[PDB]
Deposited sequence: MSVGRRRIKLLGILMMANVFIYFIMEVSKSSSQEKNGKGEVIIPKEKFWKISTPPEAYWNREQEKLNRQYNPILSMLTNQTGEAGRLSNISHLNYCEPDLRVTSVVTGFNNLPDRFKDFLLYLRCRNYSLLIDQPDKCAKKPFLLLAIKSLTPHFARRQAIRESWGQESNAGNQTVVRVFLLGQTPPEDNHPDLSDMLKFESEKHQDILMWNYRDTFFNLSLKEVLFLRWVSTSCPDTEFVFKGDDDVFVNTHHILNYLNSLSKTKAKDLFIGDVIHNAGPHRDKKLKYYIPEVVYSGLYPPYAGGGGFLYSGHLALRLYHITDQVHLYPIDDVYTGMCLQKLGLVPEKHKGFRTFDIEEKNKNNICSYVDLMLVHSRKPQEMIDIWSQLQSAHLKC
């Protein structure tokens, strides 16, 4: 009865009109979806062009994985977030080579076109791309409900341009990440748990928010029932082996407005469950402990932090072992 659930099981019995590169507006949804013309315009645009995901790469760094990476940092960002990206470049997103355990960094961007009243910062983006060589940008509209598109297109770039990275971190450009804690965690892993790695702040048996004022509002007419297990809150860590299997399976899952929920549907179709790890505190530390750098040593991700805070915490963290 809900549109996405109705169309997903239709897609499923196919694998037991194209849904991948039919890029004209499907207008059948206007009469099929109850109350279409009253929904917010993001639902309208999401349902009209759900069946198009063959968008091209505008800005690429094809040599980013010329040397085999051990951990690929892939940070979701928007065009005007220059300070966020530069803070990450200087703090936890530094590229390293501490023993051929190469850590590489890319930012994942869509477009902020002039027709959506975005200011033209494209000439500034290219200068940033030339100088830091860490920008990947595709020609889709970088909107909130196009973030699963951002997920799939990044998975495609890994299959073509970085298929041999050992591990992959994917997060938001406003989360602080303890990369030192992540590296030692990865190094401490058996090669059977490393193969199917997917950890984060996992939530089980969650349903869609129906309050039309909240961020993740999904009406019953669009989706029905409960969400599969999914890591959320702005960061999860998984294997490059799982990343390749993930991208292959995206063909059999329709896009979903919530990107972290879409990634849980792909893991489920693969017969896996994301593993909860307490180190992903997508809800912040208590204000009492924010002044104690030692409250950061044993976590892996804390949301959210401003560009100044990320540089400050990273600087204090470098000499934290002498105080904790």
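Not built in the structure, per the record, are deposited positions 1-55, 72-89.
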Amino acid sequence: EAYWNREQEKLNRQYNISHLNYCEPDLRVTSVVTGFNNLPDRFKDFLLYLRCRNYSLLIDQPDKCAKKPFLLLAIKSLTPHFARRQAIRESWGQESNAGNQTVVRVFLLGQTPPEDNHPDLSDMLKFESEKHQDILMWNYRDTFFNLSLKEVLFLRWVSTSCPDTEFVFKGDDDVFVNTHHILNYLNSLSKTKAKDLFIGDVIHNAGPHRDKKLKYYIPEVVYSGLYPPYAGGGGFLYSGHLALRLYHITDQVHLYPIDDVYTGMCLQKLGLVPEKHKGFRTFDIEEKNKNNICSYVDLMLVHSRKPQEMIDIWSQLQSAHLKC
From here on, numbers count along this sequence of modelled residues.
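Between two forms, the rigid core is defined as the largest C-alpha subset superposing within 1.5 Å.
Take 227-235 and 245-253, fit the other structures onto the shown form by the rigid core, and average the C-alpha distances in 8 other deposited structures of this protein: the farther stretch is 227-235. Here the rigid core sets the fit, and in 8 other deposited structures of this protein the C-alphas of 32-40 stray farther than those of the other stretch, out of 32-40 and 254-262.
Just going by the entry, 202-210 versus 142-150 on mean CA temperature factor gives the higher value to 202-210.
The question of which stretch, 18-26 or 302-310, has the higher mean Cα B factor is settled in favour of 18-26. Ranked against the other modelled residues of its chain, the C-alpha B-factor of residue 256 as given in the entry falls in the middle third. Ranked against the other modelled residues of its chain, the C-alpha B-factor of residue 57 as given in the entry falls in the lowest third. Remark: residue 262 belongs to the lowest third of its chain, ranked by C-alpha B-factor as recorded. Per the PDB record, residue ranking by Cα B-factor puts residue 123 in the middle third of the chain. Sort the modelled residues of the chain by CA B factor and residue 90 lands in the lowest third.
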